[PDB]
Amino acid sequence: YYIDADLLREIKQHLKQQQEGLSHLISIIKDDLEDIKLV
Amino acid sequence: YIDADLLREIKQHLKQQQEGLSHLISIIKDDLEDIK
Amino acid sequence: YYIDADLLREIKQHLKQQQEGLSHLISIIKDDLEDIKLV
Amino acid sequence: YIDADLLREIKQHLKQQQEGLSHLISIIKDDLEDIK
Amino acid sequence: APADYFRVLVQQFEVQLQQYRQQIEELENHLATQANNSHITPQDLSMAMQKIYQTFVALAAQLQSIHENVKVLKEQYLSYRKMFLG
Amino acid sequence: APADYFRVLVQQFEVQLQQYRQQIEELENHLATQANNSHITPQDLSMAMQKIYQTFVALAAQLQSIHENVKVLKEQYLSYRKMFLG
């Protein structure tokens with residue numbers, strides 16, 4: 001049938017971390033571009 | 001069974017197809033938006 | 001001894017053009033850098 | 001007459017000497033200023 | 001020309017973006033409900049979780065080198081400014 | 001690393017700058033007065049005028065490619081901005 005209601009939660013958590021990971025890198029890149037306009 | 005020459009041809013053809021930076025960028029921008 | 005008072009003028013003119021030449025290129029480069037801060 | 005090995009050595013030595021970008025730039029800036 | 005190099009790094013980045021995007025949306029739908037979850041197995045998700053983490057890793061690498069590339073634009077733009085504008 | 005490439009174009013530029021600088025100052029002094037002009041010949045000036053024009057040409061080339069390089073920084077900086085900031 002399906003998987004644990006918490007196994008779902010674990011995966012959803014993992015995916016979130018991946019998202020937070022990529023967003024952090026995007027963040028940094030944006031600071032670089034913004035700081036270029038400032039310097 | 002499977003035609004090697006064709007897949008090759010399909011590869012070559014797509015590689016020779018070209019990127020419109022403007023277009024590229026717009027796709028990336030919507031990709032990033034659709035996620036982060 | 002020395003050279004014509006006008007042969008001097010010719011050379012001085014040539015050197016000036018060379019100077020104007022290089023300055024024009026520097027000018028352009030500066031517009032590029034300035035426009036970067038503006039974009 | 002003229003020692004080949006030495007000029008070579010002198011070449012090698014100067015090439016291996018390194019550029020301090022900061023310093024480089026300052027020289028260029030004063031060079032441009034001293035002229036244009 | 002740098003426009004041929006740029007277009008490339010940009011293009012690879014766009015592929016890992018699309019890649020990751022498809023996969024994630026795909027996996028979202030499979031876990032959206034138990035009704036859709038029944039058409040898949042716990043060994044498929046296990047497969048997808050790998051496919052996805054592999055893209056993430058490659059994507060994270062591309063974002064990283066993009067960061068380093070922007071760091072270089074700044075350094076050189078800053079250098080030129082000191083040479084020509086100071 | 002681009003820091004090894006940059007340092008080079010910058011370094012060559014600095015040499016043509018110094019080159020031209022020395023020559024010009026040199027030639028200025030020789031034509032500064034007739035007293036100094038008497039220690040030189042019209043075939044020396046002819047020599048210098050060449051040496052100088054050759055540097056000018058190389059210097060003008062370096063300024064030109066520096067311009068093209070800055071054009072590239074802008075294009076790529078502009079592209080990144082559209083991707084990440086728009």
Side-chain angles (χ1 to χ4, degrees), chain A residues 31-33 35-39, chain C residues 15 18-38, chain D residues 6-36, chain E residues 2 5 65 67-86, chain F residues 1-29 48 51-74 76-77:
Chain A
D31 284 321
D32 284 315
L33 298 170
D35 286 18
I36 281 185
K37 188 174 184 59
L38 296 181
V39 62
Chain C
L15 299 184
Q18 284 189 195
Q19 179 190 49
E20 300 182 307
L22 302 172
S23 300
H24 189 233
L25 295 176
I26 305 276
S27 278
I28 291 173
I29 289 163
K30 291 171 74 172
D31 284 321
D32 284 315
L33 298 170
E34 302 175 323
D35 286 18
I36 281 185
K37 188 174 184 59
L38 296 181
Chain D
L6 183 66
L7 180 50
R8 180 179 311 156
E9 174 183 359
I10 299 180
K11 290 176 179 173
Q12 171 213 310
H13 274 46
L14 291 171
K15 188 175 187 177
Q16 299 171 183
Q17 174 64 68
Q18 254 158 55
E19 51 78 71
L21 195 65
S22 163
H23 185 54
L24 255 185
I25 290 173
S26 69
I27 287 177
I28 288 172
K29 167 162 173 46
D30 200 293
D31 270 32
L32 297 175
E33 164 180 349
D34 179 13
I35 310 302
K36 73 177 178 183
Chain E
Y5 155 65
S65 62
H67 165 48
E68 293 305 321
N69 293 323
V70 169
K71 263 182 55 189
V72 182
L73 293 186
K74 190 181 192 188
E75 303 178 310
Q76 316 199 332
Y77 165 52
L78 256 171
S79 293
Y80 284 134
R81 284 182 70 80
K82 299 199 186 83
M83 292 168 54
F84 297 101
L85 300 174
Chain F
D4 295 314
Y5 155 65
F6 194 59
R7 64 186 287 181
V8 165
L9 188 66
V10 174
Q11 180 61 79
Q12 293 167 171
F13 174 52
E14 182 285 331
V15 179
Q16 290 309 115
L17 262 178
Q18 187 61 206
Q19 194 75 297
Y20 189 80
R21 176 181 187 163
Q22 292 171 176
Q23 298 178 166
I24 259 52
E25 301 186 309
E26 188 90 59
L27 185 29
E28 295 285 66
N29 175 66
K51 299 293 185 172
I52 294 177
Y53 186 77
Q54 274 156 49
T55 303
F56 164 80
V57 170
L59 202 50
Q62 293 187 304
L63 283 168
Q64 180 66 60
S65 62
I66 279 183
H67 165 48
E68 293 305 321
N69 293 323
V70 169
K71 263 182 55 189
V72 182
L73 293 186
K74 190 181 192 188
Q76 316 199 332
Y77 165 52

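Chain letters run A, B, ... following the sequence lines, proteins first and then strands; every chain starts at 1. All heavy atoms count here, side chains included; hydrogens, waters and symmetry mates do not.
With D30(D) contributing its side chain and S26(D) its backbone, the two residues share no donor-acceptor pair below 3.5 Å. Counting only distance, with no hydrogens or angles, the side chain of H24(C) and the backbone of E20(C) share no donor-acceptor pair below 3.5 Å. Checked by atom type and distance alone, the side chain of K29(D) never pairs as donor or acceptor with a backbone atom of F84(E) at under 3.5 Å. Judged purely by atom type and a 3.5 angstrom limit, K36(D) has no side-chain atom pairing as donor or acceptor with the backbone of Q19(C).
Going from atom CG of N69(F) over to atom CD of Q64(F) covers 10.0 Å, rounded to the nearest 0.5 Å. Atom CD of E75(E) and atom CZ of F6(F) lie 9.0 Å apart (nearest 0.5 Å). Atoms CD1 and OH, on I28(D) and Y80(E) in that order, are 9.5 Å from each other to the nearest 0.5 Å. In this structure, CD1 in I28(C) is found 11.0 Å from NZ in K71(F), a value given to the nearest 0.5 Å.
Closest heavy-atom contact between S65(F) and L9(F): OG-CD1, 4.4 Å.
A donor atom on one side chain and an acceptor atom on the other are found under 3.5 Å apart for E14(F) and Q11(F).
A side chain to side chain contact (heavy atoms under 4.5 Å, CB included) with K74(F) is found for exactly one of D32(C), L33(C), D35(C), namely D35(C). Considering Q19(F), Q16(F), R21(F), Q23(F) in turn, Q23(F) is the only one that fulfils the side-chain hydrogen bond (donor to acceptor under 3.5 Å, both in side chains) rule with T55(F).
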